[PDB]
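Below you'll find the structure, written out as structure tokens, and then a few comments.
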Amino acid sequence: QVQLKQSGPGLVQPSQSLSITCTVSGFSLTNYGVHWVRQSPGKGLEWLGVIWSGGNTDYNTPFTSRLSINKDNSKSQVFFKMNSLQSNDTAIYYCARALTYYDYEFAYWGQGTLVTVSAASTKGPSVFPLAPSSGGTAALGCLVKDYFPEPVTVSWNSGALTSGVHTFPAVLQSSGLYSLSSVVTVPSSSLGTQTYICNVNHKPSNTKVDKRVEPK
Amino acid sequence: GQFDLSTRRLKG
Amino acid sequence: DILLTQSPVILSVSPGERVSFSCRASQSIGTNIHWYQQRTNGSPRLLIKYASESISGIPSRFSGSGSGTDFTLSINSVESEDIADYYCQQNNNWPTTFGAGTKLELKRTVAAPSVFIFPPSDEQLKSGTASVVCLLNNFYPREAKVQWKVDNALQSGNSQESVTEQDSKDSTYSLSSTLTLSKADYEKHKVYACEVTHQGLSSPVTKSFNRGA
């Protein structure tokens with residue numbers, strides 16, 4: 001069907017430029033316009049601009065100077081580029097398509113790209129087990145500690161395990177590095193029969209870790 | 001009232 | 001630019017009840033308004049187009065009405081899966097603008113948390129830091145107290161809490177309190193306990209371990 005997939009999340013140094021690629025499928029870029037929207041803590045949902053079927057571009061007023069949108073119809077790719085980023089440009093960026101070729105009712109969205117504007121350095125996380133040791137139900141999880149920037153993705157058993165999974169929001173430590181736990185409750189009788197692995201992925205540092213969690 | 005990047009939800 | 005004002009900031013209802021979301025415009029925009037849903041860690045989902053028109057795949061319990069400056073999104077019977085934020089968008093006037101959004105919370109019966117405590121792993125101790133974790137699982141309402149004690153010494157300032165958004169199935173919350181100590185400090189003590197206080201508990205619940213069993 002109709003899909004929009006964006007490039008991975010990333011760190012951007014202050015005053016530097018942001019670059020996101022939207023790869024679409026289920027339709028041709030020559031038939032539909034592609035819009036760009038961001039979502040920030042300070043401004044909320046904000047329409048940035050659009051590239052139309054014929055290649056024309058419109059940019060929202062406060063972005064006309066630092067925004068630039070190009071595309072490759074053959075490769076089905078839209079290229080987003082914004083210059084001289086500051087702290088308040090930290091947001092989640094989306095590419096989106098409307099219901100019809102000329103409109104603005106955004107029926108299809110990309111998964112979003114979390115952009116962090118910071119001078120700090122990218123750092124992969126360390127993953128430690130939360131080993132189980134009430135009433136036939138045991139709890140276990142993974143501690144994902146000391147990474148930057150957000151986000152990190154955690155799944156269980158390659159996606160096969162979802163029931164009872166809680167992945168907590170990341171919290172900022174005094175070191176300026178993030179940390180989170182991801183838990184899951186399982187039958188205790190399965191602890192000897194089943195294997196439980198948290199699949200941790202930190203795209204910005206290309207850190208990819210599978211952590212096996214066993215009772216101590 | 002503000003958008004939280006960590007959860008993509010409104011918080012305060 | 002058209003200013004879109006959504007009210008209230010937060011809406012709290014029970015399942016089965018009705019709910020209206022208000023979106024007011026700084027000037028007339030006819031019926032050029034669209035509505036969106038945003039679930040936890042998700043992208044916006046188009047609910048209604050042009051004030052009242054239906055969208056493919058959206059449950060019939062969603063509907064919209066209004067024209068001019070006053071618009072309303074409605075859910076005739078809320079389900080737990082409706083837990084999300086809701087935004088409005090105008091496109092009568094360039095550039096298109098969005099409202100600040102309304103949060104939808106669900107009420108439910110009181111549910112006491114299940115508490116679990118996790119000692120630091122031997123793998124972590126090699127780095128010179130100890131993270132003790134306390135898990136409060138599937139509870140309601142959101143308010144909870146976690147009190148850390150190390151050899152009856154009250155811990156303060158050295159813990160952090162994180163709370164999930166409401167679950168889409170049982171409408172509950174889960175909490176994690178993480179106590180962070182140096183390896184030296186952790187090895188210098190024995191009894192580690194977290195005491196949990198919640199409305200669903202008639203008494204504070206304590207989960208403890210002794211270092212190295």
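Chains: A, B, ... in order of the structure tokens. Residues: from 1 per chain. Ligands: from 1, in order shown.
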
Can you work out which residues from chain B touch chain C at a cut-off of 8 Å (counting only C-alpha atoms) and hand them back as number ranges by chain? B: 1, 6-10

Any chance you could tabulate, as a tab-separated table, the residues of chain A at most 7 Å from chain C with each one's nearest atom pair and distance in Å to one decimal, using only C-alpha atoms, in chain and rising number order?
```
residue	atom	partner	partner_atom	distance
A:44	CA	C:100	CA	6.3
A:45	CA	C:98	CA	5.9
A:46	CA	C:97	CA	6.8
A:47	CA	C:96	CA	6.7
A:60	CA	C:95	CA	6.6
A:105	CA	C:34	CA	6.6
A:106	CA	C:46	CA	6.5
A:107	CA	C:46	CA	5.3
A:109	CA	C:43	CA	6.5
A:111	CA	C:43	CA	6.1
A:112	CA	C:43	CA	6.8
A:128	CA	C:124	CA	6.5
A:129	CA	C:121	CA	6.5
A:130	CA	C:118	CA	5.9
A:131	CA	C:118	CA	6.8
A:168	CA	C:164	CA	5.4
A:169	CA	C:162	CA	6.1
A:171	CA	C:162	CA	6.9
```

Pull out every residue of chain A that has at least one atom within 12 Å of chain B, counting only C-alpha atoms, and report them as JSON, numbers by chain. {"A": [38, 39, 40, 41, 42, 43, 44, 45, 90, 91, 92, 93, 111, 112, 113, 114, 115, 116, 149, 150, 151, 152, 153, 167, 168, 169, 170, 171, 172, 178, 179, 180]}

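Each of A:51, A:197, A:120, A:18 was checked against residue 33 in chain A using only C-alpha atoms; the smallest atom-to-atom distance is that of A:51.
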
Give me, please, the distance in Å between CA of residue 181 in chain A and CA of residue 141 in chain A, quoted to one decimal.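 The value is 6.9 Å.
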
Rounded to one decimal, what separation in Å do you get between CA of residue 146 in chain C and CA of residue 183 in chain C?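 That distance, rounded to one decimal, is 22.2 Å.
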
When you draw a straight line from CA of residue 168 in chain C to CA of residue 60 in chain C, how long is it in Å?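 Separating CA of residue 168 in chain C from CA of residue 60 in chain C is a distance of 18.7 Å.
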
Would you mind listing what lies within 7 Å of residue 206 in chain C as a count of residues only, with only C-alpha atoms counted and same-chain residues fewer than 5 positions away left out? 4

Could you pull out all residues of range 5-162 of chain C with a DSSP call of strand (DSSP E) and give them as a PyMOL selection string? chain C and resi 5-7+10-13+19-25+33-38+45-48+62-67+70-75+85-90+97-98+102-106+114-118+129-139+145-150+153-154+159-162

Polymer residues at most 9 Å from residue 133 in chain A, only C-alpha atoms, same-chain spacing of 2 or more positions, as a PyMOL selection string: (chain A and resi 131+138-140+215-216) or (chain C and resi 118)
